[PDB]
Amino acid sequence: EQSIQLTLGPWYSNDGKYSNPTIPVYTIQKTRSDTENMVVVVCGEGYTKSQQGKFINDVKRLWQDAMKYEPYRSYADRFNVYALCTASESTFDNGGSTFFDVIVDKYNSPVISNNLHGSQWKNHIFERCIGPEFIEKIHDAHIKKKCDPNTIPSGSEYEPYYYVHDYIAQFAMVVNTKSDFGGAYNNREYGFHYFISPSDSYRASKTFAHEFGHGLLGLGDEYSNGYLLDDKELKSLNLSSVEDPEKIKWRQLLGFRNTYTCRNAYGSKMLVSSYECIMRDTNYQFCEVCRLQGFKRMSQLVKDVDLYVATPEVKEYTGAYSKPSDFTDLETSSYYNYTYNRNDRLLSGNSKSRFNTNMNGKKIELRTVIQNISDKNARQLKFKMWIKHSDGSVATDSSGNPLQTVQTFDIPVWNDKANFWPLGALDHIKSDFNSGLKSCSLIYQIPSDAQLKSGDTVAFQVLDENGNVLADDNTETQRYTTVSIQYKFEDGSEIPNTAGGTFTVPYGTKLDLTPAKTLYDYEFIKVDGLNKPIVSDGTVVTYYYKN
């Protein structure tokens, strides 16, 4: 079957338990060449050889649950996901020898323990052993190994393995356990880019998405502490200590959805853009700043994503939370007072029906934020907003003029792009949060003589230069559909060492990806199910490869 073979000398397996392991490789998802997608490699800790089927199903479960969160969900079909069936002598719960020597320290942190058996480089195993074998043999780039990982290179111990984390976007280690923990190890200068999370804890999927947010998306722990120094302020994608709303990096997002800067705990000098974010508390979704920053980060790792359009909202425009001085109080009470006010004004998503015939003479606001991913093409997006009767017709005033307004917004280029986690970067140092970023507000005065009827709602569209609808008043609550991937030989047999996963897309989506020319050594033949609206759960897209 498909596998990689490692050579682990005493620096990686000092007790000889894994001196020459054979590691079966399973493809969970490969929708395009590895050279065009983000490659995720997932290994199991504490799974015996007879438990590798549990491991594969565990990865599929955690991965599919991660793909339900924005911003990952927008990129769901642009990941290639591989499960490496690393076999431990002992299960994790039995407490004997495991592949990765993971221990849970006194702070409940899962840690690769170099000193457990004296394997002095154990926590370098991903970039020095697993990664380079994978990239030479499985990855479509087939980059030949450059250094013997069981010898000391001339010069830097680390530089020869930097290339690993450009071909493998993320290493994840799933522990076969119910224990609730999580850890992320992000220090590319010293080779570290992996996270560790449990298979069966009560919030295992939430933890996975969270540690994935640290690792791939570059997001900071919103539960952390302290006053950020100037260099750390520039460095952080989603944390701040800047109290002045006119200077805070994410000022353009203030007042959009639940973006209202606030202290992450009473008295804290550490500020978050939203109190309700998975990066502070794993029960939440990603906040709008994390969604933006993660969407930008992933755009650096693929080639064909050029625009981010946050989901627009419509709010009664009262003047509240409309200027910087409305955001100066950073207490949690101010955050929740802001979110209550938003709910009292909301006219979109699940509050569409709050529109009523008393809205004549009132102002409404269409609000979103837009990020240009291009550093070459400025963009011009047209917003349209109108009052729609329940039968779909456009409402009018008493003179017959449609209750409709339009405004075009100019989105400047992302000239700062090369400073924001580009391919090859060892870290993020400084970026201009506002480069390529435009908060867009379209305010409409509903006429006093508006001919409103019961059941009227606000409709809207964000349009590109060709009139294509990028978002509309149905986007937020639209139905998502599950699509299943299968890999088959031309005779219909399932390809061994594949375990095709599922993800979700908006109902009606036409998938349009160029399939990879090869799967392992199998040659691509044809695909069934692409370029066709996905309109049923369990829809199967079938990739056919020559045996």
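In case it trips you up, residue 1 is the first one in the sequence shown, and so on.
Taking the PDB entry as given, 222-230 carries the higher mean Cα B factor of the two stretches 222-230 and 278-286. For the pair 251-259 and 445-453, the mean B factor over Cα atoms is greater in 445-453. Reading the B-factor column for the CA atoms of 384, 352, 296, 438 in the entry, the top value corresponds to 352. Note on 176, 123, 94, 405: the highest value goes to 94, judged by CA B factor as recorded. Annotation for residue 200: CA B-factor lies in the middle third of the chain's modelled residues.
Sort the modelled residues of the chain by CA B factor and residue 516 lands in the middle third.
Among all modelled residues in this chain, the alpha-carbon of residue 187 has a temperature factor (C-alpha) in the lowest third.
Annotation for residue 112: C-alpha temperature factor in the middle third relative to the rest of the modelled chain, per the entry.
Residue 480: CA B factor lies in the middle third for its chain, per the PDB record.
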